[PDB]
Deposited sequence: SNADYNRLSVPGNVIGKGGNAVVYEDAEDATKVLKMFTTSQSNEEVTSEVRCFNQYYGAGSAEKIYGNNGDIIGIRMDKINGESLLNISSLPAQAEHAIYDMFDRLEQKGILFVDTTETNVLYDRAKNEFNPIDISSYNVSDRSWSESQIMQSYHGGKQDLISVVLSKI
């Protein structure tokens, strides 16, 4: 088939992520479990909203089914593996939420495996981005968003 995999970077319960062997700035997130079209579309849309146009695009099979996402390789080390951070990292995690929120994103999955720390730049970058939205009452979303944001901040601050 068309997309060419490099090394496996990692995986989760939804996908295996390969380097794109044809573009060193990209990764191929290939779904191992069924995703709804809306799920994938929002994931891609959010990644582009935060990282800019052309940051993410869907990968299709020859039958027109969504089978994955080709997206920017995000720089940095997983917070899951970090056991020490500089005092400046506190300002870095704050800045990340500020940036998301300024793009209209209320980051849902605020787990330590979903952000990377770029130590040279002192930047945290989110990997998989989805947003709370009204379709969840407003008051419930705010509580749930608050909880996640403060949890992730706690993870960071405790390494300082």
Comparing deposited sequence to modelled residues, the uncovered ranges are 1 to 6, 142 to 144
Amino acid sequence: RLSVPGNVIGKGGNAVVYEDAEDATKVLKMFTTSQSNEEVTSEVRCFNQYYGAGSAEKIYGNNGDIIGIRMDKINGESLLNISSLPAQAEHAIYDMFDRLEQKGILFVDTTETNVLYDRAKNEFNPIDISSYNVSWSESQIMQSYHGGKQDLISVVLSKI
From here on, numbers count along this sequence of modelled residues.
Entry B factor averaged over C-alpha atoms, 12 to 20 against 136 to 144: higher for 136 to 144
Mean C-alpha B-factor comparison - 55 to 63 and 126 to 134, higher one:
126 to 134
Residue set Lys26, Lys29, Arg45, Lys103, per-entry CA B-factor max assigned to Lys103
Just say lowest, middle or highest third for the CA B-factor of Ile74 relative to the other modelled residues in its chain.
middle
Rank-wise, by C-alpha B-factor, drop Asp118 into the lowest, middle or highest third of its chain.
lowest
Going by the recorded CA B-factors, say which third of the chain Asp95 sits in, lowest, middle or highest.
lowest
Can you tell me whether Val156 has a C-alpha B-factor in the lowest, middle or highest third compared with the other modelled residues of the same chain?
lowest
